[PDB]
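Q: Fold the following, please.
(chains A, B, C, D, E, F, G, H and I, ligands or ions: 19)
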Amino acid sequence: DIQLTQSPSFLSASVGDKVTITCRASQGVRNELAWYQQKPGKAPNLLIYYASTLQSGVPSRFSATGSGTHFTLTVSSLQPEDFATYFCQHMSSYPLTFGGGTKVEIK
Amino acid sequence: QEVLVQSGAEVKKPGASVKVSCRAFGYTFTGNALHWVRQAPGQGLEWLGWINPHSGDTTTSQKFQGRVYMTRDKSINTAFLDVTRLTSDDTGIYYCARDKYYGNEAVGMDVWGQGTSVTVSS
Amino acid sequence: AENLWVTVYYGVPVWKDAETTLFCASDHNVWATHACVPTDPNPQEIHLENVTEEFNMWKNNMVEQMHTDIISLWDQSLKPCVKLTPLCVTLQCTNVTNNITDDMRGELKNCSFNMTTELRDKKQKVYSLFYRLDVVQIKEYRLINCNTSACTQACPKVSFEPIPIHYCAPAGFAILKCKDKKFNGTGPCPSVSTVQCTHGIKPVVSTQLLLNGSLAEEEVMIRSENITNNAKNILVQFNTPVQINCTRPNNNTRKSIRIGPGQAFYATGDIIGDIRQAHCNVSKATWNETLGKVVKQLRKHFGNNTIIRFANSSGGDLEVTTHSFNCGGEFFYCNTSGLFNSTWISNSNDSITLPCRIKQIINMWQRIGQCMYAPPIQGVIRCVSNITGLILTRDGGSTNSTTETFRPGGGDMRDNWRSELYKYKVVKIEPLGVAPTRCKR
Amino acid sequence: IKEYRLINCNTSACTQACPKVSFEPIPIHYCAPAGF
Amino acid sequence: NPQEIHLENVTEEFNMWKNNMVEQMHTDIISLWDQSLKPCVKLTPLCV
Amino acid sequence: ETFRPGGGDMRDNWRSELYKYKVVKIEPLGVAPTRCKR
Amino acid sequence: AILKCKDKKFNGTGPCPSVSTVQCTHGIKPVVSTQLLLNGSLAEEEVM
Amino acid sequence: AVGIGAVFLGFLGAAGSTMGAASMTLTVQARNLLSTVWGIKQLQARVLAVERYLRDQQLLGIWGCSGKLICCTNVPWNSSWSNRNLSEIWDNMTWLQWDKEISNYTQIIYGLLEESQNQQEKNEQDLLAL
Amino acid sequence: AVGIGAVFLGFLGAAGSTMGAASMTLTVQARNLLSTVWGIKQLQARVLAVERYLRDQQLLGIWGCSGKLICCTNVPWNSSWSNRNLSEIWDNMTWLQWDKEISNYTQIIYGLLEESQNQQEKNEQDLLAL
Ligand SMILES: *[C@@H]1O[C@H](CO)[C@@H](O[C@@H]2O[C@H](CO)[C@@H](O[C@@H]3O[C@H](CO)[C@@H](O)[C@H](O[C@H]4O[C@H](CO)[C@@H](O)[C@H](O)[C@@H]4O[C@H]4O[C@H](CO)[C@@H](O)[C@H](O)[C@@H]4O)[C@@H]3O)[C@H](O)[C@H]2NC(C)=O)[C@H](O)[C@H]1NC(C)=O
Ligand SMILES: *[C@@H]1O[C@H](CO)[C@@H](O[C@@H]2O[C@H](CO)[C@@H](O[C@@H]3O[C@H](CO)[C@@H](O)[C@H](O)[C@@H]3O)[C@H](O)[C@H]2NC(C)=O)[C@H](O)[C@H]1NC(C)=O
Ligand SMILES: *[C@@H]1O[C@H](CO)[C@@H](O[C@@H]2O[C@H](CO)[C@@H](O[C@@H]3O[C@H](CO)[C@@H](O)[C@H](O)[C@@H]3O)[C@H](O)[C@H]2NC(C)=O)[C@H](O)[C@H]1NC(C)=O
Ligand SMILES: *[C@@H]1O[C@H](CO)[C@@H](O[C@@H]2O[C@H](CO)[C@@H](O)[C@H](O)[C@H]2NC(C)=O)[C@H](O)[C@H]1NC(C)=O
Ligand SMILES: *[C@@H]1O[C@H](CO)[C@@H](O[C@@H]2O[C@H](CO)[C@@H](O)[C@H](O)[C@H]2NC(C)=O)[C@H](O)[C@H]1NC(C)=O
Ligand SMILES: *[C@@H]1O[C@H](CO)[C@@H](O[C@@H]2O[C@H](CO)[C@@H](O)[C@H](O)[C@H]2NC(C)=O)[C@H](O)[C@H]1NC(C)=O
Ligand SMILES: *[C@@H]1O[C@H](CO)[C@@H](O[C@@H]2O[C@H](CO)[C@@H](O)[C@H](O)[C@H]2NC(C)=O)[C@H](O)[C@H]1NC(C)=O
Ligand SMILES: *[C@@H]1O[C@H](CO)[C@@H](O[C@@H]2O[C@H](CO)[C@@H](O)[C@H](O)[C@H]2NC(C)=O)[C@H](O)[C@H]1NC(C)=O
Ligand SMILES: *[C@@H]1O[C@H](CO)[C@@H](O[C@@H]2O[C@H](CO)[C@@H](O)[C@H](O)[C@H]2NC(C)=O)[C@H](O)[C@H]1NC(C)=O
Ligand SMILES: *[C@@H]1O[C@H](CO)[C@@H](O[C@@H]2O[C@H](CO)[C@@H](O)[C@H](O)[C@H]2NC(C)=O)[C@H](O)[C@H]1NC(C)=O
Ligand SMILES: *[C@@H]1O[C@H](CO)[C@@H](O[C@@H]2O[C@H](CO)[C@@H](O)[C@H](O)[C@H]2NC(C)=O)[C@H](O)[C@H]1NC(C)=O
Ligand SMILES: *[C@@H]1O[C@H](CO)[C@@H](O[C@@H]2O[C@H](CO)[C@@H](O)[C@H](O)[C@H]2NC(C)=O)[C@H](O)[C@H]1NC(C)=O
Ligand SMILES: *[C@@H]1O[C@H](CO)[C@@H](O)[C@H](O)[C@H]1NC(C)=O
Ligand SMILES: *[C@@H]1O[C@H](CO)[C@@H](O)[C@H](O)[C@H]1NC(C)=O
Ligand SMILES: *[C@@H]1O[C@H](CO)[C@@H](O)[C@H](O)[C@H]1NC(C)=O
Ligand SMILES: *[C@@H]1O[C@H](CO)[C@@H](O)[C@H](O)[C@H]1NC(C)=O
Ligand SMILES: *[C@@H]1O[C@H](CO)[C@@H](O)[C@H](O)[C@H]1NC(C)=O
Ligand SMILES: *[C@@H]1O[C@H](CO)[C@@H](O)[C@H](O)[C@H]1NC(C)=O
Ligand SMILES: *[C@@H]1O[C@H](CO)[C@@H](O)[C@H](O)[C@H]1NC(C)=O
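A: Residues are numbered from 1 along each chain as shown, chains lettered A, B, ... in the order given. Ligands and ions are numbered 1, 2, ... in the order given. Below is the structure:
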């Protein structure tokens, strides 16, 4: 199994600020990472696939960068609907694993 | 228009077997690989496995091998997940998800089912 | 340097707009299902990702084909039935005044006439109850159709109830379906699928109100070939149906008169009990909210501050000036004056009753010299339908006034079929293609 | 009905068989199409 | 000169009571009987 | 045992002549295992 | 194929040496007449 | 990433997929090209489908591509028909776009293929004579 | 002398040309072999044309000449059918005269070709088994 570590575990920020979440992989993942957003009592939604391509129907504020072992998800301008749990998931080799989880809350 | 609908919540005793259904609308059922995932209460997601709806090929996490099985019916467009020998660690929300599956390889879990809650306790 | 050569590919997924003959599929009726292939229990729909197609409901050949097929089936359902040529005789008619309401005075005529029998050299004096619309004075009367053409009696066992029909293309042809909600029937559809054929479409024959049709998924839909042209009919599709309850409460009696060898004419003997007008009921609050939705959707096209007025039909034949339909064998023509009568300014259990007149001599399609006689139906008849849409027409629309007037319309059943085939088109597959490749033979 | 009528009158009209047409049975062979 | 090919070693299931040939022959004979009467006099006046 | 004459349905008359005949459709295509490889 | 004889003076029977293949024939008017052919084609060279 | 094999998209599912990706499902489209007044229109439709299928098969046969879904030919690609290189055809376009672009350069290619096939047949006959 | 390339003579323009010259327009003839009471006779004609075309194609296929306009075969030419040498067949005669001469020696050659093709198929299957 490949371990994915997400930082910060908990984060508090206000609307209009910039939030960066770092997902680190023990082994190498060229571009096969996906960023997911999950809200309380609801299934997750696809924000990013290929670690650099924005999913259709997602606001343009979301962006992703990094390849290999380092990846960063950046939200330039927070919104009231963007405060929820964020996961990073790799699919380079079996078994697929998700990140520990980063919860973003309004200050 | 792509939607996945699963069976209702289930409560089971330890050592039993549970079936989770997942039917699809809005897209060709045999056109995308279907992942099965679980999330425990207050924990992260844990990927049970995935299945090819067309050829029926399945790949399961190595820790689950020999305990969870997967099948698909094309006539009515459903995937069945059989989880046997349940324990109190298996309680949580199970999700079936369609994969983008560009280039015949995993890319992202774009469409997710509303999920089903399985509860195991004596 | 490129070194490219022709390469032929067969089975390419490419199609072109084409016109072909579709065939009927379905799961005694006028709409003959005995000559239709069984419908597959599990119809297959292939959702074409990334495919954006061009659609135009107002030039769809499917509507013309459906009109032609429906007319052909109607004609073929009447061929093996009695032709009432002997019925064209002088009729001695009196008024039916036994237990009639103030709105039914002169509506029914008790007409006695001589008629042929099974023996060529014998005559029988019989009588029947005809409708005021079905007879014309020459105390002597004649059937309305006599000076135009003979009428063919509809066979009593054949049922007029619409049955769903699926229109499926031959080999090498594909039916493309537009899955895009809010689609107004014309333009680019980005969400497309291929279907062996459409959902079951019921050939409901009606005017001024689309009955037992499909409902819009999101909101009320306004569709027109050219909204700015008042001469073009406006098709309104509801998202919530309006229940309409139509009844003829006369306890009609049917009697058979042997007019020849193996030929029987079905006359109306005597109404058992009180005689009162057939009518329809529509919920007042539901109709008001539906008209409010229609006004909201029309304001998007005719301005945000315009006054939207619903008025009566301008005039013409009884078919177009009234909501004409068939309900359990009998042909109703209902005065929809309580419905399209209101004004809207930008800013309970009671129901609207629409009186209706029954007719037996029917010219179903807009034809002259081809008429059908509807046999009377035994007993009271009551039926319930969904109003799912409207066929409207804009009155004038000059720049002098800011008020927009819409009146009910119809008559042409092609609009009724267009309301169901708006999201469908037919294409022919072009499997052959040529491309450049480095490969050489 | 000394007054009579043809038996078929109260059921349907009768078609007279054309006199030149013969009712004598003729042998007939029932043959399958290609592939059968 | 009709040709008959005698199939050696071939054993086949037969059932005269479910043969569609009988139904086809009945339908065709009825159709021919109807077709032989269409261009003939209809004795409607005879009902006197 | 009592036997009485019957008839009326001409399908029996045709069946008396077609009793020894039946219709089949040829299935020319077949698939078999064989050592040869393309 | 519809073969047309282009040979003038041809009397309708025998070998035609000048021949063509046409997609199909010229427009022929179905004129119903007796004792006189009306609105027909004319011989190119002389009375035939 | 990891994969679990190929998938089936349906009769025309690959219409939106690129030309290179759409060439992976030729058989899927190929299979479906063959399958008292209404007994005539039905028969007319069946006959017309048969004629179209046989016209396509005849064209493929007289081009020397009989029984082939992808067929190389000896006819060179005249640059006037299309000046686009492979990088912007097979990976950045759909067959519908190629069809709309090339539909006005079709019959000439067909005639050239027919003549080339006839020349190839004559050349093969000459070669086998030795 | 000098020349400016080939020419097109039409659907049957090579009927009068020699057999060798007529063999250069096979595709021209091949192309044109496929394309309430009166809707039946036309349907019958189209169906009949389809059956004739498919009969020709089936014969060519079972002779091993599928998708070929000129096809060499393993069947030797029995001298009883014709004794004329090639000098007086391909350069001094037409296909019509050849058909007139050989029409009484047709079906036997067809059967020989069918059996030869079957034998070739069996031999190829045996060869590929090794
Ligand atoms: C929109 O859809 C709704 C719902 O589908 C339609 O409303 C239904 O309409 C049908 C047909 O009108 C109706 O079914 C009839 O119900 C009657 C009362 O239950 C029955 O009596 C009647 O049976 C007679 O007619 C059949 C043929 O239609 C015969 O097969 C049958 O044997 C009966 O015929 C006998 O009786 C008659 C009358 O005495 C006699 O003349 C005959 O000789 C024979 O002796 C039908 O089953 C449904 O009940 C309706 N349902 C509702 C909820 O209203 C509506 O009409 C549609 N709208 C439009 C515009 O089409
Ligand atoms: C419908 O169109 C979209 C794009 O318009 C198709 O998605 C695209 O699919 C291709 C390959 O299938 C992707 O290319 C990949 O790019 C990544 C990153 O550059 C690379 O690592 C891979 O090796 C591959 O080349 C492309 O990114 C992707 N586009 C998007 C926006 O996701 C889609 O497949 C089409 N649908 C069908 C049914 O064909
Ligand atoms: C119709 O038939 C005539 C003759 O029957 C064809 O004309 C002939 O064409 C051939 C070659 O096309 C000529 O051959 C030549 O022979 C001379 C002999 O000296 C030689 O020097 C040349 O090099 C060439 O080989 C032949 O002479 C000629 N015949 C005549 C009388 O001129 C004609 O081609 C036929 N039409 C069609 C459409 O095929
Ligand atoms: C229609 O007219 C006929 C004939 O006048 C009526 O039938 C008569 O009814 C009376 C009783 O009301 C009888 O005494 C007669 O013997 C009947 N005559 C015949 C010829 O039937 C019939 O009642 C009238 N019906 C209506 C509705 O007015
Ligand atoms: C049915 O026919 C009879 C006669 O065939 C009609 O009775 C005749 O009526 C005329 C007036 O129109 C008189 O001049 C005759 O003297 C009457 N003859 C007899 C024998 O009564 C009768 O009116 C016809 N019935 C209807 C309803 O038209
Ligand atoms: C009138 O409309 C209602 C609502 O659309 C119809 O009731 C639906 O019937 C379908 C059957 O195809 C069911 O799947 C839905 O669940 C029903 N919905 C409701 C709210 O009842 C009704 O059948 C229509 N009646 C007619 C005669 O068309
Ligand atoms: C919709 O209908 C209007 C009304 O006819 C069209 O506009 C008219 O076009 C004619 C063409 O000669 C002019 O004479 C009129 O002056 C125009 N009137 C107005 C109010 O524009 C319009 O072109 C139609 N739209 C489409 C898309 O065909
Ligand atoms: C249409 O509505 C009218 C009321 O405006 C109905 O008339 C009532 O019918 C019921 C039948 O159960 C009677 O009990 C009432 O006495 C009637 N009242 C009045 C004022 O007429 C009529 O039945 C309705 N018809 C339909 C088909 O819905
Ligand atoms: C049309 O008819 C239907 C059915 O008869 C009516 O619906 C009934 O309404 C009554 C009174 O509200 C209820 O008690 C019944 O339970 C209803 N039955 C059904 C099946 O819905 C409806 O109200 C009528 N509408 C009009 C305008 O007359
Ligand atoms: C629509 O409403 C108008 C206004 O009520 C109707 O005009 C009436 O027509 C009748 C003839 O049947 C006259 O007796 C009335 O005097 C007219 N009213 C007025 C105010 O002049 C018109 O007929 C209605 N249209 C339909 C199709 O019913
Ligand atoms: C449709 O109904 C309206 C409303 O009842 C009719 O208009 C009435 O017509 C009568 C004439 O018989 C007048 O006496 C009333 O004053 C009118 N009332 C209104 C409100 O306009 C209309 O005539 C009916 N349509 C037809 C064709 O008869
Ligand atoms: C009668 O014959 C004359 C002469 O052939 C016809 O006139 C010729 O008409 C054709 C039209 O197809 C022209 O091409 C010729 O130039 C005309 N020639 C002369 C001398 O006028 C005339 O049309 C014929 N009329 C009829 C009714 O058949
Ligand atoms: C029948 O009644 C109508 C209306 O009540 C009247 O116009 C007509 O003159 C009456 N006919 C009679 C009594 O013959
Ligand atoms: C038949 O009569 C009606 C009314 O008498 C009239 O309106 C119609 O024009 C007539 N039709 C013919 C064909 O004479
Ligand atoms: C509505 O119809 C008009 C007709 O010209 C068309 O231009 C427009 O695109 C349609 N609406 C949408 C959302 O496509
Ligand atoms: C109609 O009349 C018949 C005969 O009198 C009776 O049996 C039936 O119940 C009546 N129907 C109604 C609705 O009154
Ligand atoms: C139309 O509405 C007006 C309300 O201004 C009312 O007075 C009139 O009676 C209505 N007429 C009909 C036929 O409903
Ligand atoms: C015709 O009359 C005969 C005897 O009179 C009777 O048996 C038969 O039922 C009648 N048929 C009809 C249709 O009235
Ligand atoms: C004229 O017809 C006769 C009929 O036998 C035929 O022999 C002759 O050849 C024809 N004329 C010409 C010039 O061919």
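Q: Please enumerate the helices of the stretch 201-350 of chain C.
A: Assigned by DSSP state H, counting those that start in this stretch, the helices in the stretch 201-350 of chain C fall at C:284-302, C:318-321.
Q: can you tell if the first one touches ligand 9?
A: No: contact of helix C:284-302 with ligand 9 (CB under 6 Å from any ligand atom) is absent, the minimum separation being 7.9 Å. C-beta here means a position set from N, CA and C on the backbone, and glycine is covered the same way.
Q: what's that helix in contact with?
A: Under the contact criterion CB atoms under 8 Å, 6 or more residues apart in numbering or on different chains, helix C:284-302 has outside partners C:219-222, C:227, C:236, C:238-240, C:242-243, C:306, C:308, C:310, C:339, C:342, C:344, C:346, C:348, C:350-352, C:387, C:390, C:404, C:406.
Q: Is ligand 8 within reach of that helix?
A: No: looking at helix C:284-302 against ligand 8 by CB under 6 Å from any ligand atom, there are no contacts, and the closest approach is 10.6 Å.
Q: which parts of that helix are buried?
A: For helix C:284-302, the neighbour count (16 or more other CB atoms under 10 Å in any protein chain shown) marks C:286, C:287, C:290, C:291, C:293, C:294, C:295, C:297, C:298, C:299, C:302 as buried.
Q: Show me which positions of stretch B:115-122 end up buried.
A: Within stretch B:115-122, the residues scored as buried using 16+ other CB under 10 Å are B:115, B:116, B:118, B:120.
Q: other SSEs contacting the longest strand seen in chain A?
A: Here the longest strand in chain A is taken by residue count, with DSSP state E as the criterion, and it is strand A:19-29. Under the contact criterion of 3 or more CB pairs under 8 Å, 6 or more residues apart in numbering or on different chains; DSSP states H and E, the helices and strands touching strand A:19-29 comprise strand A:4-7, strand A:10-13, strand A:33-38, strand A:68-75, strand A:85-90.
Q: would you turn the buried residues of stretch B:115-122 into TSV with secondary structure and distance to residue A:56?
A: Converted to TSV, the buried residues of stretch B:115-122 look like this (DSSP: H, G, I helix; E, B strand; the rest coil; distance: CB to CB, whole Å):
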residue	secondary structure	distance to residue A:56
B:115	coil	23
B:116	strand	27
B:118	strand	32
B:120	strand	38
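Q: any idea how far residue H:46 lies from residue C:171?
A: With distances defined as CB to CB, to the nearest Å, the gap from residue H:46 to residue C:171 amounts to 8 Å.
Q: How about residue C:207?
A: Noted for residue C:207: a distance of 38 Å to residue C:171, by CB to CB.
Q: Mind checking which of the two has more residues around it?
A: Neighbour count, other CB atoms under 10 Å in any protein chain shown: between residue C:207 and residue C:171, residue C:207 has more, with 28 against 16.
Q: residue boundaries of the strands in chain H?
A: For chain H, the strands identified by DSSP E occupy H:70-76, in order along the chain.
Q: quick one: contacts for the residue of it at minimum distance from ligand 1?
A: The shortest separation between chain H and ligand 1 is 23.6 Å, found at residue H:38 (distances taken as CB to the nearest ligand atom). Contact criterion CB under 8 Å, 6+ apart gives C:23, C:24, C:35, C:72 as the residues in contact with residue H:38.
Q: To what extent is residue C:156 buried, counted in neighbours?
A: That count, for residue C:156 with other CB under 10 Å as the rule, works out to 19.
Q: try the one 3 residues further on
A: Residue crowding around residue C:159 was assessed by other CB under 10 Å; the count is 15.
Q: What about chain H, which residue is the most distant from its middle?
A: In chain H, the greatest distance from the average C-alpha position (CA atoms, centre = their mean) is reached by residue H:36, at 37.4 Å.
Q: count of neighbours near the residue lying closest to residue C:219 once chain neighbours are set aside?
A: By the measure of CB to CB, 6 or more residues apart in numbering or on different chains, the closest residue to residue C:219 outside its immediate chain neighbours is residue C:239, 5.4 Å from it. Counted with other CB under 10 Å, the neighbours of residue C:239 add up to 14.
Q: can you check the one 4 residues further on too?
A: For residue C:243, the number of neighbouring residues by other CB under 10 Å comes to 14.
Q: In chain B, which residue sits closest to ligand 15?
A: At 16.8 Å from ligand 15, residue B:1 is the closest residue in chain B, using CB to the nearest ligand atom.
Q: can you tell me which helix or strand that residue belongs to?
A: Assessed by DSSP states H and E, residue B:1 sits outside every helix and strand.
Q: Quick check: it touching residue C:179?
A: Yes: the pair residue B:1 and residue C:179 qualifies as a contact (CB atoms under 8 Å) at a distance of 6.0 Å.
Q: Counting neighbours, go ahead and name the busier of those two.
A: The neighbour comparison of residue B:1 against residue C:179 (other CB under 10 Å) goes to residue C:179, with 17 against 11.
Q: for the residue in chain A positioned nearest to chain E, helix, strand, or coil?
A: Here the residue of chain A nearest chain E is residue A:94; by CB to the nearest CB that distance is 54.3 Å. Under DSSP: H, G, I helix; E, B strand; the rest coil, residue A:94 falls in the coil class.
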